[PDB]
């Protein structure tokens, strides 16, 4: 994009592209998991108004990360998994400058990790179908 740093897409090539773009501020992220990651719902500030986007499928059970002020997403790790034929995220977690969350989901696979020594996660993108085939992030300082 427009001076943007986009990192990954980890996962399979199934499903449909989704691209959140960068946010001014991520308010909350909400991961839906059972066996795998079903989806992610994101809520953020763009242009001064609140927006919420719904990625991946609609299944699974929510795990909500509510960023306090001064809390930033500075890590994301998971496991790329075969699952009933499709390659999707079997596990997904996140770290802020305060706590870790997850990983959510119960299907192991080939792991990925993204420690962000400097910067934060500013947005998301990836692939979505019945479940969360794949996920990447936007970065910024």
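Between two forms, the rigid core is the largest collection of C-alphas that superpose within 1.5 Å. Residue numbers count along the first chain shown, from 1.
Stretch comparison, 15-23 versus 127-135: after rigid core superposition, larger RMS CA deviation in 6 other deposited structures of this protein is found for 15-23. Put simply, when the other structures in 6 other deposited structures of this protein are lined up on the rigid core, the C-alpha atoms of 49-57 lie farther off than those of the other stretch, from 93-101 and 49-57. Here the stretch with the larger average CA B-factor, out of 55-63 and 42-50, is 42-50. In this entry, 30-38 has the higher mean Cα B-factor, the comparison being between 111-119 and 30-38.
Among 125, 10, 131, 24, the highest C-alpha B-factor recorded in the PDB entry belongs to 24. When all modelled residues of the chain are sorted by CA temperature factor, residue 94 is found within the lowest third. Among the modelled residues of its chain, residue 86 has a C-alpha B-factor that falls in the highest third according to the deposited record. Per the PDB record, residue ranking by Cα B-factor puts residue 103 in the highest third of the chain. Per the deposited record, the Cα B-factor of residue 1 falls in the highest third when ranked against the other modelled residues of its chain.
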